[PDB]
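What follows is a single structure, written as structure tokens, with notes after it.
So that the names make sense, note that chain A is the first sequence line, chain B the second, and so on, each numbered from 1. Whatever order the structure lists ligands and atoms in, that order sets their numbers, starting from 1.
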There are 2 protein chains.
Amino acid sequence: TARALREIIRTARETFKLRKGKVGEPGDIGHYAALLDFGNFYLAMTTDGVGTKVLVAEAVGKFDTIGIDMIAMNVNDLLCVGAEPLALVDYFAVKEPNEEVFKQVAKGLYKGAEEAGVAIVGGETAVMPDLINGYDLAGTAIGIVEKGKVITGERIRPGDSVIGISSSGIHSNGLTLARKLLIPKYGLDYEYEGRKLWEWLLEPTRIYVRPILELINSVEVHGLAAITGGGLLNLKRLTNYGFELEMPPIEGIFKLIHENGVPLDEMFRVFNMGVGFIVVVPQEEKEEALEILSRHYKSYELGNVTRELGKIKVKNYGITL
Amino acid sequence: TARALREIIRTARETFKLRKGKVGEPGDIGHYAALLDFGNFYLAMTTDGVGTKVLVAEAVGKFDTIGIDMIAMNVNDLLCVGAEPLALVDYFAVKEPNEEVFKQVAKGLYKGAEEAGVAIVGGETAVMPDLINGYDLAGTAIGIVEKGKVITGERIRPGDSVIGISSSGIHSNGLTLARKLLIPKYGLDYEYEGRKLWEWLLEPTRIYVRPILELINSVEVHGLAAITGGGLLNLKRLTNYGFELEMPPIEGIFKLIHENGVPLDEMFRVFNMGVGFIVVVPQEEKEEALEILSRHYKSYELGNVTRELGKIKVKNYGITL
Ligand SMILES: Nc1ncnc2c1ncn2[C@@H]1O[C@H](COP(=O)(O)OP(=O)(O)NP(=O)(O)O)[C@@H](O)[C@H]1O
Ligand SMILES: Nc1ncnc2c1ncn2[C@@H]1O[C@H](COP(=O)(O)OP(=O)(O)NP(=O)(O)O)[C@@H](O)[C@H]1O
Ligand SMILES: [K+]
Ligand SMILES: [K+]
Ligand SMILES: [Mn+2]
Ligand SMILES: [Mn+2]
Ligand SMILES: [Mn+2]
Ligand SMILES: [Mn+2]
């Protein structure tokens, strides 16, 4: 995967010079979004799909929230460079132009867009039954951040406070592993802690736009990280410094997954494990930050930045990533 | 397909108010790209995938042109509102991370981006074998257009000259019909007019950024249309006025398709039939427009706009769409 992707990454970096010194000149690839120089401001650009979670939605005929996942994936990435999300286009590659599915998808697209404060301004619909075994939903979002107000993690210093905002659940990463491990063993209707397995797998991703925009307009912020592919390893994209964390207890779907063989170190590398978004602020602003975030979502002090470069220590679990 | 899409379109229109009176306020859905009000200028945004052409690519192992198809699909759409393409992200949804496939894909991505003058600033790579029976490659492009320089077709009037720029071949629409009709009977190694069928089907989509940007900066232009899904029906997106046209002779892959039982009136609603891009100019600019475009690609005077609303007459073929 990394060897295959490197070919595209290297080609992409080569094309940067086509906009050198011109409107749209990019920064480097690697962060949660691209930053494009528009003179007075940066434009942020990101793209992501929902993933195989759509296979669960199709099974129970509930696409009412897949659109929330898609918008969440994209606007939460815009936040991680300090950008205010503005607009989105959706790429909907489907096996069939089913009017019932499309009606369900539209409902969540509105709900997500409302929560994020963005307009859905266009898109593409590709009926490709030979290529698509379901209803793949992806999107591309753009946002804006003023020059001088970009947050990429370069300000992170040892001793900074690390705060986690709770997730709504599995969100949109690790779905294939969870599906193949749990569905054939327990059945989609398996009731676990009052919710069916498909209810655990379909829980829409949380949208962090409002608490994070409030936070960056109120306190000093040194880093912002959506916990997606790679789980806690996403923190290393922000800085070479280390992290000393205490993660919340494993429960819900994550407990179920863990009890079915998956080791905890792999799980902190795959699932958000209850923390959907992480902010890094100076210790001076920790209490103020907790209060702003905790108005909107249950939020924790996870730990501190350390000088153990490149290491993430989950102390209460005896794990280093 | 139209009724299913109506659900998302109406919902996306409802989200416009979330950006009303703000940076990024959108125009209406329906055109080749969306236009977002950034004050001194509009930002153009569009997204599109390659389509089932990637299935032919996988069948024969030739992947170094679908990356051109993806970039062409998106930058040619930005041209159709008068915008200069700036930047693109790509969405690569794959059954597996085959390093050979990704190396080929990156070659075409570089060639396309260099021809269009865009930087590939980021992207997404998603391995989902349960969902994707191949290598689905899509993208999202961003462009810029000044206030008062947008070209939508609103200025098209009866009498206007209609000019077509030759396509390189099938481009990226109608591939599903072409696949199911030709591949079982002939196979991808069948030679037609000195070229293998896979050479016909994988010829990369032409990029029109250079001739079109030169054109709108030189003469008055009333309409621009990439000839994609629905073939010549795309002209009806620019205006309700009619068209009287003389289309090029049916040659190459289109003749082979026609001769295998596809009627001519269906082919003009599916394939570009040799015309990849159409521009509408006032008669007084016709010669100068032909001159600029002929410096880049073979270009034709196709005909004129008429007062026979809602119809496209292909006179030399006796067809009315
Ligand atoms: N196919 C691609 N083409 C170009 N850039 C890509 C591609 N895939 C990934 N990238 C870039 O590589 C970096 C890492 O990508 P990715 O791992 O998708 O980040 P993410 O979106 O934060 N994680 P996730 O939401 O789990 O996919 C980003 O800056 C992307 O822009
Ligand atoms: N899933 C979608 N969500 C939102 N808008 C959409 C969606 N699909 C299509 N649209 C919009 O509907 C209009 C027509 O779409 P489309 O038929 O894809 O245009 P095109 O890209 O010019 N043609 P093609 O290249 O053949 O796909 C555009 O303005 C799109 O932005
Ligand atoms: K991203
Ligand atoms: K488009
Ligand atoms: Mn992401
Ligand atoms: Mn399209
Ligand atoms: Mn298109
Ligand atoms: Mn991604």
Side-chain angles (χ1 to χ4, degrees), chain A residues 5 9 12 26-35 44-51 70-81 83 85 88-92 121-126 138-143 152 172-173 205 224-230 234 237, chain B residues 5 9 12 27 29-35 44-51 53 69-81 83 85 88-92 120-126 138-143 152 171-174 205 207-208 224-231 233-234 237 272 276-277:
Chain A
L5 193 34
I9 300 285
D28 209 359
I29 278 171
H31 219 281
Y32 285 87
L35 287 165
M45 210 167 161
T46 189
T47 185
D48 266 314
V50 166
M70 193 272 280
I71 287 153
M73 277 301 108
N74 284 286
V75 302
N76 291 344
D77 278 359
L78 291 180
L79 304 172
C80 294
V81 301
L88 174 141
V89 298
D90 62 288
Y91 173 68
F92 197 22
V121 306
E124 149 82 334
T125 310
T140 302
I142 60 139
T152 51
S172 271
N173 281 273
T205 304
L224 297 171
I227 304 313
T228 53
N234 278 289
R237 307 161 72 191
Chain B
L5 200 32
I9 307 295
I29 285 175
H31 215 273
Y32 283 87
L35 290 158
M45 210 184 335
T46 192
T47 180
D48 263 312
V50 166
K53 191 165 173 177
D69 291 303
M70 191 271 288
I71 287 162
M73 275 314 98
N74 286 289
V75 302
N76 289 339
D77 275 3
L78 291 183
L79 301 173
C80 298
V81 300
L88 179 138
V89 296
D90 59 283
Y91 174 69
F92 205 16
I120 303 158
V121 301
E124 161 60 7
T125 311
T140 302
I142 278 306
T152 62
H171 284 191
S172 272
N173 283 96
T205 301
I207 305 200
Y208 298 106
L224 307 153
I227 305 304
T228 56
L233 298 175
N234 281 292
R237 300 165 73 186
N272 66 65
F277 203 103

- Query: Tell me, which N, O or S atom in B/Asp48 is closest to the K ion (ligand 4)?
  - Reply: OD2
- In B/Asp77, what N, O or S atom is nearest to the K ion (ligand 4), if we give its atom name?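 Output for this pair reads OD2.
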- Message: Only to 10 degrees, please: what angle do the O atom of B/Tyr32 and the OG1 atom of B/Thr46 make about the K ion (ligand 4)?
- Response: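 With the K ion (ligand 4) as the vertex, the angle is close to 70°.
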- Closest approach to the Mn ion (ligand 7) by B/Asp77, given as the N, O or S atom name: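 Per the distance ranking, B/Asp77 contributes OD2 as its closest N/O/S atom to the Mn ion (ligand 7).
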- For the Mn ion (ligand 7), find the closest N/O/S atom on B/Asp48 and give its atom name.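 Of the nitrogen, oxygen and sulfur atoms in B/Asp48, the Mn ion (ligand 7) lies nearest to OD2.
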- Task: Applying side chain to side chain contact (heavy atoms under 4.5 Å, CB included) between B/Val89 and each of A/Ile142, A/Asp48, A/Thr47, report the one that passes.
- Result: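 Running side chain to side chain contact (heavy atoms under 4.5 Å, CB included) over A/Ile142, A/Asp48, A/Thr47 with B/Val89 returns exactly one hit, A/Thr47.
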- To the nearest 0.5 Å, tell me how far B/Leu224 CG sits from B/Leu78 CG. 12.0 Å
- Query: In Å, rounded to the nearest 0.5 Å, how long is the span from CG of A/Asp77 to CE of A/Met45?
  - Reply: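 Here the rounded value is 13.5 Å.
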- Candidate pair B/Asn234 and B/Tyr32, rule side chain to side chain contact (heavy atoms under 4.5 Å, CB included), full reasoning: CA-CA 10 Å; B/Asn234 281 292; B/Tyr32 283 87; 3.2 Å; yes
- Taking all heavy atoms of B/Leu35 and all of B/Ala44, pick out the closest pair and write down the distance.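 It is CD2-CB, 4.3 Å.
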